[PDB]
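# A look at the structure
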Amino acid sequence: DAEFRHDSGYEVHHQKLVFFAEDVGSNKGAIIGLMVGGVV
Amino acid sequence: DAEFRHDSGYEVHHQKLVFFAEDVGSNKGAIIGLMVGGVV
Amino acid sequence: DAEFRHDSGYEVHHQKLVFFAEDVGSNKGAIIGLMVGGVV
Amino acid sequence: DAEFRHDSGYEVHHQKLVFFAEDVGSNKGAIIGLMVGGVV
Amino acid sequence: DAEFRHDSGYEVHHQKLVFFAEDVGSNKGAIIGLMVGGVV
């Protein structure tokens, strides 16, 4: 009789992200709405 | 009689992402709506 | 009698992504709606 | 009597992607709606 | 009596993709709706 419902719009049981950014350069211009882990 | 429902719009049991970015260059211009792990 | 339903719009049990980007170049211009792991 | 239904619009049990991009060049212009792992 | 249904619009039990891109060239212009692993 029991009902179990799980709804996840997004689920990760495990997520790993690794990002490396190195930038040398002059006069970059940017507009970013959301930034994670980034070099402009 | 029991009902189990799992709905996931997106599910990853495991996700791994590795990104490396190196940029040398002058005068880049960008508009980015979302940025993750990036060099403009 | 039991019913189990799993619906995933997208599921990866395992996903691995590796990206390497190096860019030398001058005066790039871009508009990107979503950016992951990228060099403009 | 039991019913099991799995529906996945997209499923990968395992996915591996490796991308390497190196670009030398001057004055590239791009509009990209989604970018992953890329050099403009 | 039991019914099992699996429906996947796309399923890969295993997928491997490797891409290498190197580009030397000047003044490329592109519009890309989706980009993965690419050099403009």
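Residues numbered from 1 in each chain as written, not as in the entry; some residues may be left out. Chains lettered and ligands numbered in written order. Part of a larger assembly, values for the part shown. Heavy atoms only, no water.

Its PDB header names cryo-EM as the technique used to obtain the model and reports a resolution of 3.86 Å.

Separated throughout, chain A and chain E approach each other most closely at a C-alpha pair spaced 15 Å apart. The smallest C-alpha distance separating chain B from chain E is 11 Å, and no contact links them. (Contact = heavy atoms within 4.5 Å.)

What follows is about the side chain of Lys28 of chain B. With respect to the helices and strands, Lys28 of chain B occurs in the loop between strand 1 (3-23) and strand 2 (29-36). Its relative accessible area of 1% is what places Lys28 of chain B among the buried residues. In this structure the side chain of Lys28 of chain B is engaged in a polar contact, spanning 3.1 Å, whose partner is the backbone oxygen of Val40 of chain B. Sequence-distant contacts of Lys28 of chain B, that is, excluding residues within four places in its chain, are made with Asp23, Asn27, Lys28 and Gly29 of chain A, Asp23, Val39 and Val40 of chain B together with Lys28 of chain C. (Helix = DSSP H or I, 4+ residues; strand = E, 2+ residues; numbered from the N terminus. Buried < 20%, exposed > 50% of the residue type's maximum accessible area, 1.4 Å probe, protein only. Polar contact = N/O pair within 3.5 Å; in protein donor to acceptor, adjacent residues only side chain to side chain.)

Another aspect to go through is the side chain of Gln15 of chain C. Tracing the backbone through its elements, the reader meets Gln15 of chain C in strand 1 (residues 3-23). Not counting residues up to four positions away in its chain, the partners in contact with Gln15 of chain C are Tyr10, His14, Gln15 and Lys16 of chain B, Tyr10 of chain C together with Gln15 and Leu17 of chain D.

Bringing the packing of aromatic side chains into the picture now. Tallied over the full model, the rule gives 16 aromatic pairs over all chains. Summarising the aromatic geometry, the rings of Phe20 of chain A and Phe20 of chain B are spaced 4.7 Å apart at their centres and angled 0° between planes, so their arrangement reads as stacked. Separated into two different chains, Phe20 of chain A in strand 1 (residues 3-23) and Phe20 of chain B in strand 1 make up a pair that spans both. Owing to a relative accessible area of 44%, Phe20 of chain A belongs among the partly exposed residues under this scheme. (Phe/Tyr/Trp six-rings, centres within 6.5 Å; stacked < 30°, edge-to-face > 60°.)

Turning to a negative patch on the surface, a few remarks are in order. On the surface, a cluster of negative charge is contributed by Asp1 and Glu3 of chain A, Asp1 of chain B, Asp1 of chain C, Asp1 of chain D together with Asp1 and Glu3 of chain E. Within the secondary structure layout, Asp1 of chain B lies in the segment before strand 1. (Patch = residues over 30% accessible without salt bridge, like charges linked within 9 Å, V, L, I, M, F, W, Y side chains within 5 Å. Areas by Shrake-Rupley, 256 points an atom, 1.4 Å probe, with all protein chains shown as cover. Salt bridge = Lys/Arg side-chain N within 4 Å of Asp/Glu carboxyl O. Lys, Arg positive; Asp, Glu negative; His and termini not counted. Charge placed at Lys NZ, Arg CZ, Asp CG, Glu CD.)

Our focus in this paragraph is the interface of chain D and chain E. Taken together, the contact pairs 40 residues of chain D with 40 residues of chain E. Between chain D and chain E, a total of about 3,200 Å² is buried, with carbon and sulfur atoms accounting for 49% of that surface. Linking chain D with chain E are 1 salt bridge. The interface formed by chain D and chain E holds 39 residue pairs in polar contact in total. It is strand 1 (residues 3-23) of chain D that contributes the most residues to the side of chain D that touches chain E, 21 residues altogether. Of the residues belonging to the side of chain D that touches chain E, the class tally is 18 nonpolar, 13 polar and 9 charged. Bridging between strand 1 of chain D and strand 1 (residues 3-23) of chain E involves 19 bridges; their strand directions are parallel. (Buried area = accessible area lost by both parts, 1.4 Å probe. Nonpolar A, V, L, I, M, F, W, Y, C, P; charged D, E, K, R; others polar. Pairing = 2+ DSSP bridges.)

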